[PDB]
Amino acid sequence: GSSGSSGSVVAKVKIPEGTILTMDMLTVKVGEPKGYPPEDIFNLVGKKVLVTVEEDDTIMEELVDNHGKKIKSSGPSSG
């Protein structure tokens, strides 16, 4: 079927800025894909937040910094 109220990954608790994500601080509010998908959820678990998220709040890609994997200075700002 088309309909899939999979939900979006919302913060399970307040995630203060500068903290790294873990599954113990996340959940997926089954209802609407308003925010981050529960499919790519693992990519979030390891990123750092840019703002103090509140409990049950909708996490977004603009609220997490990019990955710090690549051993090289490249990637111009999209903002």
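Conventions and cut-offs
Sequence order sets the numbers: each chain starts from 1, possibly unlike the entry numbering, and residues with no coordinates are not included. Side-chain figures throughout are based on the complete set of non-hydrogen atoms in the structure, without hydrogens or water. UniProt positions are given in the numbering used here, feature names are shortened, and annotations may be inferred rather than shown by experiment. In this text, helices come from DSSP runs of H or I with a minimum length of four residues, and strands from runs of E with a minimum of two, each type numbered from the N-terminal end. Only protein atoms enter the 1 Å grid used here. Points where a 1.4 Å probe fits but cannot escape make up a cavity, open sets with protein on both sides within 12 Å along at least five of seven lines make up a pocket, and a residue lines them when an atom lies within 4 Å of a point. Grid points are joined across faces, edges and corners, and a volume is the space filled by probe spheres set on the points. Classes in brief: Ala, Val, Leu, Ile, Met, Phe, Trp, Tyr, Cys and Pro nonpolar; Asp, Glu, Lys and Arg charged; the others, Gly included, polar. For every residue, the accessible area (1.4 Å probe, protein chains only) is compared with the maximum for its type, and the residue is labelled buried under 20%, exposed over 50%, or partly exposed between those bounds. Only strands joined by at least two bridges in the DSSP assignment are considered to pair. In what follows, salt bridge is the name for a side-chain nitrogen of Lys or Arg lying within 4 Å of a carboxyl oxygen of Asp or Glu.

Its PDB header attributes the entry to solution NMR.

## Quick look at the UniProt feature "domain: AFP-like" in the chain
Residues given the UniProt feature "domain: AFP-like" here are residues 8-67. Its end C-alpha atoms 21 Å apart, residues 8-67 is made of 7% helix and 13% strand.

## Notes on the layout of surface pockets
Here the largest pocket is characterised by a volume of approximately 380 Å³. What lines the largest pocket is a set of 17 residues, and nearest its centre among them are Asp-65, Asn-66, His-67, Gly-75 and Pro-76. A per-class count over the lining of the largest pocket returns three nonpolar, seven polar and seven charged.

## Overview of the pairing of strand β1 (residues 8-11)
On β1, burial covers both faces: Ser-8 and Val-10 on one face and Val-9 and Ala-11 on the other are all buried. Of the strand pairs in this sheet, β1 and strand β2 (residues 26-29) are connected by four bridges, and their pairing is antiparallel. What sits directly across from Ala-11, in β2, is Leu-26.

## A few points about unusual backbone geometry
Phi at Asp-56 takes a positive value of approximately 55 degrees, unusual for a residue other than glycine. Within the secondary structure, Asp-56 sits in the segment after α1 (41-44).

## Brief notes about the environment of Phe-42
Topologically, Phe-42 is positioned in helix α1. Judged by relative accessible area, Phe-42 falls into the exposed class, the value being 62%. Residues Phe-42 and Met-23, spaced 19 residues apart in sequence, show a C-alpha to C-alpha distance of 8.5 Å.

## A word on the pattern of salt bridges
Under the counting rule described, the total for this entry stands at two salt bridges. A salt bridge links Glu-54 to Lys-14, with the nearest nitrogen and oxygen atoms 3.7 Å apart. Separated by 40 residues along the polypeptide, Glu-54 in the segment after α1 and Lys-14 in the loop between β1 and β2 bring together distant segments of the chain. What makes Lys-14 partly exposed here is its relative accessible area of 46%. A salt bridge links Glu-32 to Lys-34, with the shortest nitrogen-to-oxygen separation between them at 2.8 Å.

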